[PDB]
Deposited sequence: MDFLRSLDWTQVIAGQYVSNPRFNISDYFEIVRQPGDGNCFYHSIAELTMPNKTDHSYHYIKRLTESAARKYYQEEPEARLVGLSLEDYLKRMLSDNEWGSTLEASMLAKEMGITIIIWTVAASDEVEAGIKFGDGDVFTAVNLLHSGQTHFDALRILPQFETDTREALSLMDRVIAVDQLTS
């Protein structure tokens, strides 16, 4: 797989594939905390529907550290405090900006695969690889689910 580092710690890549060929998809609620549910799914043991609250907290401490220097926070244009109040609201959408900050905060690699029912691109936060990464599925332009590498890989 070909990753290009476009900015520090951020990589892009262009493979084409059906998601079902390499990954199990573990669907997440539509509430729409799905970005957080998806991270909980892959990082938290005994994950349930409430586990996401803790990822929202790691997101809150991550932001206190990285938000003001995240390149993608420039498209958000909220103060650190307004961002926090919005981000911690129930139902508030997570995104690639939270993936960039959570990658740093949790010392992990997060990959978001977006699907234009097949996969158009991937964006990778952190230096690790598809095998050691947390894999997220971005679908319909508006939704996240978790992915697990299929058994045979």
| item | value |
| --- | --- |
| Non-modelled portions of the deposited polymer sequence, in sequence order | 1-6, 123-124, 162-183 |
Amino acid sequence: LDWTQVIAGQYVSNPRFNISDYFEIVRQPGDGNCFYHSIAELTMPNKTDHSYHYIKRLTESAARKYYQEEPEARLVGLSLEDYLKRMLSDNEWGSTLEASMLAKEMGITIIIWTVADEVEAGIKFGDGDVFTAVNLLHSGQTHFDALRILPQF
From here on, numbers count along this sequence of modelled residues.
| property | result |
| --- | --- |
| Between 142-150 and 1-9 (mean CA B-factor, as deposited), the higher | 1-9 |
| Stretch with the higher entry mean CA B-factor, where the candidates are 12-20 and 132-140 | 12-20 |
| Options 46, 95, 33, 59 - largest CA temperature factor per the record | 46 |
| Deposited CA B-factor, highest of 119, 87, 63, 99 | 119 |
| Residue 40 - which third its CA temperature factor falls in, relative to the rest of the chain | lowest |
| Entry-reported Cα temperature factor of residue 28, expressed as the chain third it lands in | middle |
| Assigned third (lowest, middle, highest) for the C-alpha B factor of residue 55 | lowest |
| Ranked C-alpha temperature factor of residue 105 among modelled chain residues, by third | middle |
